[PDB]
Amino acid sequence: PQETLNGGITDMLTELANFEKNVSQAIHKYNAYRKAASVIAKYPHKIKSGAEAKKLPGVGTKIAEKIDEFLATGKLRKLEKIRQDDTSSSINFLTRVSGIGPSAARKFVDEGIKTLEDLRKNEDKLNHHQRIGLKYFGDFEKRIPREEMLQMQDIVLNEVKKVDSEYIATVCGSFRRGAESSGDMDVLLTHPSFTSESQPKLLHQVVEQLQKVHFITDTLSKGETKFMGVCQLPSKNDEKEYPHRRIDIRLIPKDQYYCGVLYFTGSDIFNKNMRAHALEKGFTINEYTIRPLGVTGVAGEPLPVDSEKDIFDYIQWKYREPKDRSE
DNA sequence: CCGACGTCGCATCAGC
DNA sequence: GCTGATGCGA
DNA sequence: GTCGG
Ligand SMILES: Nc1ccn([C@H]2C[C@H](O)[C@@H](COP(=O)(O)NP(=O)(O)OP(=O)(O)O)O2)c(=O)n1
Ligand SMILES: [Mg+2]
Ligand code: NA
Ligand code: NA
């Protein structure tokens, strides 16, 4: 639809959602509000009453009550108050720093640290991830135009193949779904000599190289299968320098790679459909495998998969191309 | 009335 | 020292 | 906060 149909309402519900997660630490109230925000967002009519909204799945009595107050007064008293509150609105803000969750934000504000200025005055009190997230607070909230994504994919695939030509690397996320912009780069890595029944340097070796050509600039976390870090394109000539970008790289066993590809390609909305269409025909899908339920509910063994399509040939669905996968 | 409501890899904490 | 729990992000 | 066993 259009936001301006029920935008004020969905904004309200999203704002309320963030305070539940970050300040109240009620994650199920956080999800409740987003679920409601979602079903209202795709609701193709202007909501004239709370009761009308209550008809939608995910909207119950309390939110209906809230919509009436917003409709009648243009605002929500509880929201206005908590927005004005110095403790709560500070805690909520600090969580925008990657590495700082609801718990870390709490401790910081408890002992006086409320702002980015405060965080900078207190580097010693931050862990490694949190300094990077701080250092790139601005950049991390910027989005990535597809042109830069392609430029990034260019570098990644080139270096990956350069280290070992038998690597297979796929950029997933919304990029693979042909999206016009992207929040980050999510790379999926595999190699013939890494299977479910299977070197720890397979992941390491790729990271090392991307560092050697100065693509990767910082490391948030790094293990034997999951890398999370920061990358940056080279600056062209005179022109200003690019924003630092978030990039993940995951190593997956060759046989689990396509359940991996599908799952991390998204979308969320779609992945639940494909999850829950699938249940119908007696199959469950994780990020690793597809399991056949099962005379019980007993997931039996996972069934072999060496293509994305192979999967659609276990639950009898029409292979869907990546750009028609937002539902 | 009251429990379910996402899962998993890594960094760091709590505790022995 | 190590194991297990908790915080965090995606 | 919402939904349902
Ligand atoms: N909270 C979250 C968010 C994402 N994910 C998983 C499922 C998603 O398909 C995948 C990508 O997450 P994502 O980066 O937030 N979304 P996506 O890359 O598709 O869109 P943009 O970040 O490009 O805007 O990671 C998750 O498991 N838990
Ligand atoms: Mg992404
Ligand atoms: Na409803
Ligand atoms: Na955060």
Side-chain angles (χ1 to χ4, degrees), chain A residues 9 12-22 24-40 50 53-67 76 78-79 91 94-108 125-134 136-137 140-141 171-176 182-189 200 203-204 207 218-230 245-253 256 259-260 263-269 271-272 275-276 284-289 291 299:
Chain A
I9 287 173
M12 185 186 66
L13 299 175
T14 294
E15 179 136 25
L16 282 165
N18 288 336
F19 281 106
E20 296 298 342
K21 174 173 75 80
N22 304 319
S24 284
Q25 305 190 224
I27 192 67
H28 298 298
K29 291 221 213 161
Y30 163 84
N31 279 326
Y33 276 129
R34 271 172 71 244
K35 190 170 143 223
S38 277
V39 68
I40 285 175
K54 193 169 186 320
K55 292 191 190 181
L56 303 174
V59 184
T61 296
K62 297 286 250 290
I63 290 175
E65 194 203 330
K66 274 152 165 84
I67 294 180
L76 249 196
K78 273 169 177 183
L79 203 51
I91 297 185
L94 287 184
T95 62
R96 277 166 59 194
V97 176
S98 169
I100 301 182
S103 180
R106 181 57 58 91
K107 268 155 89 197
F108 283 140
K125 268 157 182 203
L126 281 46
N127 61 33
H128 183 66
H129 184 142
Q130 279 160 0
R131 321 200 171 175
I132 302 302
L134 170 56
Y136 297 121
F137 183 88
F140 283 178
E141 293 199 341
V171 185
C172 301
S174 64
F175 170 80
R176 185 163 184 262
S182 290
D184 56 347
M185 175 155 276
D186 198 31
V187 185
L188 270 62
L189 201 55
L203 174 56
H204 171 101
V207 169
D218 306 81
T219 299
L220 292 177
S221 58
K222 183 171 174 286
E224 312 204 302
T225 58
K226 189 151 144 280
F227 166 87
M228 296 155 80
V230 190
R245 309 296 203 193
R246 278 280 291 108
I247 176 173
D248 302 336
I249 310 172
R250 324 173 107 86
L251 193 77
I252 309 174
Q256 301 187 133
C259 283
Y263 172 83
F264 283 109
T265 302
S267 64
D268 290 339
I269 300 91
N271 267 333
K272 331 196 61 197
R275 240 3 143 352
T284 183
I285 310 99
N286 52 29
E287 48 170 319
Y288 309 103
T289 55
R291 287 164 206 285

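Numbers restart at 1 for each chain; the letters A, B, ... are given by sequence-line order, proteins then strands. All values below were derived from every heavy atom in this structure, side-chain atoms included, with hydrogens, water molecules and symmetry-related copies excluded.
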Peer 1: How long is the gap from CG on A/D248 to CG on A/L188, to the nearest 0.5 Å?
Peer 2: 10.0 Å

Peer 1: Just checking A/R246: base, sugar-phosphate only, or nothing, at a heavy-atom cut-off of under 4.0 Å?
Peer 2: sugar-phosphate

Peer 1: With the threshold set at 4.0 Å, does a side-chain nitrogen-carboxylate oxygen contact exist between A/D186 and A/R250?
Peer 2: yes

Peer 1: Do the non-hydrogen side-chain atoms of A/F140 and A/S98 ever get within less than 4.5 Å of each other?
Peer 2: yes

Peer 1: State, yes or no, whether a side-chain contact exists between A/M185 and A/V187 at a heavy-atom distance under 4.5 Å.
Peer 2: yes

Peer 1: Kindly say whether A/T14 contributes a backbone atom to a donor-acceptor pair with the side chain of A/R34 at under 3.5 angstrom?
Peer 2: no

Peer 1: Using modelled atom types and a 3.5 Å cut-off, is there a donor and acceptor pairing between side-chain atoms of A/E20 and backbone atoms of A/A26?
Peer 2: no

Peer 1: Rounded to whole Å, how long is the line connecting atom CZ of A/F140 with atom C1' of C/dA10?
Peer 2: 14 Å

Peer 1: Touch check for A/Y30, heavy atoms < 4.0 angstrom, all strands: base, sugar-phosphate only, or nothing?
Peer 2: nothing

Peer 1: Is A/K66 touching bases, backbone alone, or none of the nucleic acid, heavy atoms closer than 4.0 Å?
Peer 2: sugar-phosphate

Peer 1: What's the CZ-P distance between A/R131 and B/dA11, to the nearest Å?
Peer 2: 15 Å

Peer 1: When the P atoms of D/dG4 and B/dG6 are compared, how many Å lie between them, rounded to an integer?
Peer 2: 14 Å

Peer 1: Tell me the interatomic distance from A/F264, atom CZ, to C/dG9, atom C1', rounded to whole angstroms.
Peer 2: 11 Å

Peer 1: Within the sub-3.5 Å range, which N or O atoms of nucleotides 6-8 of chain C have a protein N or O partner, and how far apart are they?
Peer 2:
residue : atom : partner : partner atom : Å
C/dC8   : OP1  : A/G101  : N            : 3.1
C/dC8   : OP1  : A/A104  : N            : 2.7
C/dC8   : OP2  : A/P102  : N            : 3.4
C/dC8   : OP2  : A/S103  : N            : 3.1
C/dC8   : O5'  : A/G101  : N            : 3.4

Peer 1: Say whether, by atom type as modelled, one donor and one acceptor occur between the side chain of A/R106 and the main chain of A/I91 under 3.5 angstrom.
Peer 2: no

Peer 1: So, the side chain of A/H129 versus the backbone of A/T219: is there a donor-acceptor pair under 3.5 Å, distance only?
Peer 2: no

Peer 1: Could you say whether A/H128 or A/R250 is positioned toward the 5' end of DNA chain B, judged by the nucleotide with the nearest heavy atom to each?
Peer 2: A/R250

Peer 1: Could you tell me how far B/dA4 sits from C/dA10 if I compare only their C1' atoms? Round to whole Å.
Peer 2: 22 Å

Peer 1: Regarding A/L16, tell me which of base, sugar-phosphate or nothing describes its non-hydrogen contacts under 4.0 Å with the strands shown.
Peer 2: nothing

Peer 1: As a test of reading the structure: which of C/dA10, B/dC10, D/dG1 is closest to the side chain of A/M228, going by heavy atoms?
Peer 2: C/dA10

Peer 1: Does the side chain of A/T61 get closer than 4.0 angstrom to OP1 or OP2 of D/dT2 through an N or O atom?
Peer 2: no

Peer 1: On the nucleotide D/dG1, are OP1 or OP2 found under 4.0 Å from the side-chain N or O atoms that A/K62 carries?
Peer 2: yes

Peer 1: Indicate, with a heavy-atom threshold strictly under 4.0 Å, whether A/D248 touches base, sugar-phosphate, or nothing.
Peer 2: sugar-phosphate

Peer 1: Output all residues satisfying salt bridge (charged side-chain N to carboxylate O under 4.0 Å, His left out) with A/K125, sequence neighbours left out; order by chain, then residue number.
Peer 2: A/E111

Peer 1: Reading nucleotides 2-7 of chain B from the 5' end, what letters show protein touch, with B for base, S for backbone sugar-phosphate only, - for no heavy atom under 4.0 Å?
Peer 2: ---BB-

Peer 1: So how far is it from A/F19 CZ to A/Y30 OH, rounded to the nearest 0.5 Å?
Peer 2: 13.5 Å

Peer 1: With heavy atoms under 4.0 Å as the rule, sort A/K29 into base, sugar-phosphate or nothing.
Peer 2: base

Peer 1: What pucker, north or south, follows for C/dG1 from the sign of the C1'-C2'-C3'-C4' torsion?
Peer 2: north

